[PDB]
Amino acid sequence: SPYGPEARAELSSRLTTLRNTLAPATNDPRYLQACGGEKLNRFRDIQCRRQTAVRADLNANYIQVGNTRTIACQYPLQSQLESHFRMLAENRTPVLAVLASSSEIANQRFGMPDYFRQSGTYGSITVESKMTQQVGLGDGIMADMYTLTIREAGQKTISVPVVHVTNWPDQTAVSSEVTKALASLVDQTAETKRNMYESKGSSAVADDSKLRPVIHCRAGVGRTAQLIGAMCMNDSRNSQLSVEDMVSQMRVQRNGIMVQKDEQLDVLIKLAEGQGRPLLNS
């Protein structure tokens, strides 16, 4: 009954209205606008909430779901790579979770630069990629780890752990068991990195805007939202936060598409049910 179909229909009713309301109008004040001709949004109809935007020229948002602070973004465009690495370094990013598959990245019709599996140079920024370990998450889903070393003349060199899930297909939900395992791996990767900064006295430890996990897929609204929802539910401080509130918060802080497919919401509903976490408010 709390997770029964009538309660599920009510959750969908509420979240669908929210989706329709957040649809970007033309020159929408709620959404970041492109400057002078540069393409900003990888998908025209998938925009970046202005109040929470990380950088003027990225489709990327600060996300806070209850107490859990991340960054969700689209796969950076080729023209956005220099700005994307600056965001990564400035955030002292404890983990970068890439959920776009190897097949999507390889498909050049998609304009998805291979920016974390290859060493490269992007304006003043030089990036060195090194593949570390590989990890299975269940159901055949595979993760490849890298560390990206981001150098720039006169800037502090930052190294970012990368978790790349290689075969989560677009517009699907991986299983709740896989989702729980991926959230654990991303959280643990981030904790290890944060601990390193802490052990060296890093002042970025006390700054809420920093040390956030950075997560993207292709648009940064389907698979990305499912992972953030799970990471949210893996933060004990988020006791009693309902599914309605978690998705609403993602949607008001990014766009109305966060949690894109019904199947992805179903995995959030299933994790919540396993916790005894409410679906609805009141």
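Quick note: we count residues from 1 along the sequence shown, nothing fancier.
Colleague: Going by the mean C-alpha B-factor recorded in the entry, which is higher: 195-203 or 134-142?
Modeller: Higher mean C-alpha B-factor in the PDB entry: 195-203.
Colleague: Test of understanding: from the entry's C-alpha B-factors, which stretch has the higher mean, 163-171 or 124-132?
Modeller: Taking the mean B-factor of the alpha carbons in each, 124-132 is higher.
Colleague: According to the Cα B-factor stored in this entry, which of the following is highest: 36, 256, 222, 229?
Modeller: Across 36, 256, 222, 229, the entry lists the biggest C-alpha B-factor for 36.
Colleague: Could you tell me which one of 249, 70, 47, 238 shows the highest CA temperature factor in the PDB record?
Modeller: Among 249, 70, 47, 238, the PDB entry lists the largest C-alpha B-factor for 238.
Colleague: Taking the values exactly as deposited, rank residue 266 by C-alpha B-factor within its chain and report the matching third: lowest, middle or highest.
Modeller: CA B-factor rank for residue 266: lowest third.
Colleague: In terms of the CA temperature factor given in the entry, to which third of its chain does residue 119 belong: lowest, middle or highest?
Modeller: CA B-factor rank for residue 119: highest third.
Colleague: Could you say whether, by C-alpha temperature factor, residue 209 belongs to the lowest, middle or highest third of its chain?
Modeller: For residue 209, the deposited C-alpha B-factor lands in the highest third.
Colleague: Thinking about Cα B factors across the chain, which third does residue 81 belong to?
Modeller: Tercile = middle for this residue's CA B-factor.
Colleague: Quick one: classify residue 23 as lowest, middle or highest third of the chain based on its Cα B-factor.
Modeller: Tercile = middle for this residue's CA B-factor.
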